[PDB]
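Trainee: Following this: a sequence and the matching experimental structure.
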Amino acid sequence: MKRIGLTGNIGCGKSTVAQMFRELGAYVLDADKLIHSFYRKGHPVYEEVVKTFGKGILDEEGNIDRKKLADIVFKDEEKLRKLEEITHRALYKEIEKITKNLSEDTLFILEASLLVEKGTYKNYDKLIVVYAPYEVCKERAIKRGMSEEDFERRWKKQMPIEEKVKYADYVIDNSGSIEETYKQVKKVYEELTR
């Protein structure tokens, strides 16, 4: 099977596209969504993140303070490197677990919105990016509720979408309408299962 990557910026429609693609038959796995489940509790990732960063330093009665950790990790990039490791050590250890039962010739896509800057797109055959102007993305996260500063706080991290577009061999612009966005993915899905 061909490992496909679906990326973009926050509020670009990666979700809606990931969905359309699933309807078409593709198997889209939200990497980011999955990761967040690692910091829950009984999760094996949890036991490691605490085991290596502090049985309690980053704890708040029961679970882990996503702020305390992100704090003691913004000082020395040595700890972050270790954090980014445990993560992928769980992602690429769970991806093959799913690929196990996954029938062949199946269209397996992975959306993380951070396959470019994190330099991971090289781990997948082709890359798909969803374009959308800062204007549309902002109000998009707005109408969905996320607070202006919070949005801009993340958008800052992600590289200029107008530059990211120059990283994928497929760009399903999601600024126009829904009819167009879906009409595009459909074209792409055809260009992947030929």
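Mentor: Nice, I can see it. Numbering: from 1, shown residues only.
Trainee: make it CA atoms for all contacts and neighbour counts henceforth
Mentor: Noted.
Trainee: quick one: contacts for the residue sitting nearest the centre point of the chain?
Mentor: Geometric centre of the chain, nearest residue: residue 112, 1.5 Å, by Cα atoms, centre = their mean. Listed by Cα atoms under 8 Å, 6 or more residues apart in numbering, the contact set of residue 112 reads 6, 7, 30, 31, 32.
Trainee: Contacts for stretch 179-188, please.
Mentor: Contacts for stretch 179-188 (Cα under 8 Å, 6+ apart): 17, 20, 21, 24, 170, 172, 173, 174.
Trainee: Need the buried ones from the contacts of residue 112 selected in PyMOL.
Mentor: Buried residues within these, by 16 or more other Cα atoms under 10 Å, are selected in PyMOL with:
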select buried, resi 6+7+30+31
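Trainee: Could you list the buried residues of the lengthiest helix in the chain?
Mentor: Secondary structure of the chain read by DSSP state H shows that its longest helix is helix 77-91. By 16+ other Cα under 10 Å, the buried positions in helix 77-91 come out as 79, 80, 83, 86, 87, 91.
Trainee: For the nearest residue to the third one once chain neighbours are set aside, what is the enclosing helix or strand?
Mentor: Right, the one you point to is residue 83. In space, and not counting its chain neighbours, residue 83 is closest to residue 49: 7.2 Å by Cα to Cα, 6 or more residues apart in numbering. Per DSSP states H and E, residue 49 falls inside helix 44-53.
Trainee: returning to what we had before: phi and psi next, for the residue nearest to the centre of the chain.
Mentor: Per-residue torsions, residue 112: phi -130, psi -10 (degrees, to the nearest 10).
Trainee: Start at 8, not 1
Mentor: Okay, using 8 as the starting number, the last item reads as residue 119.
Trainee: ok, back up a step: now the buried residues of helix 84-98 as JSON lines including distance to residue 105?
Mentor: Listed next are those as JSON lines, based on distance: Cα to Cα, whole Å:
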{"residue": "86", "distance to residue 105": "29"}
{"residue": "87", "distance to residue 105": "27"}
{"residue": "90", "distance to residue 105": "23"}
{"residue": "93", "distance to residue 105": "19"}
{"residue": "94", "distance to residue 105": "17"}
{"residue": "98", "distance to residue 105": "11"}
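Trainee: Cool, thanks, talk later.
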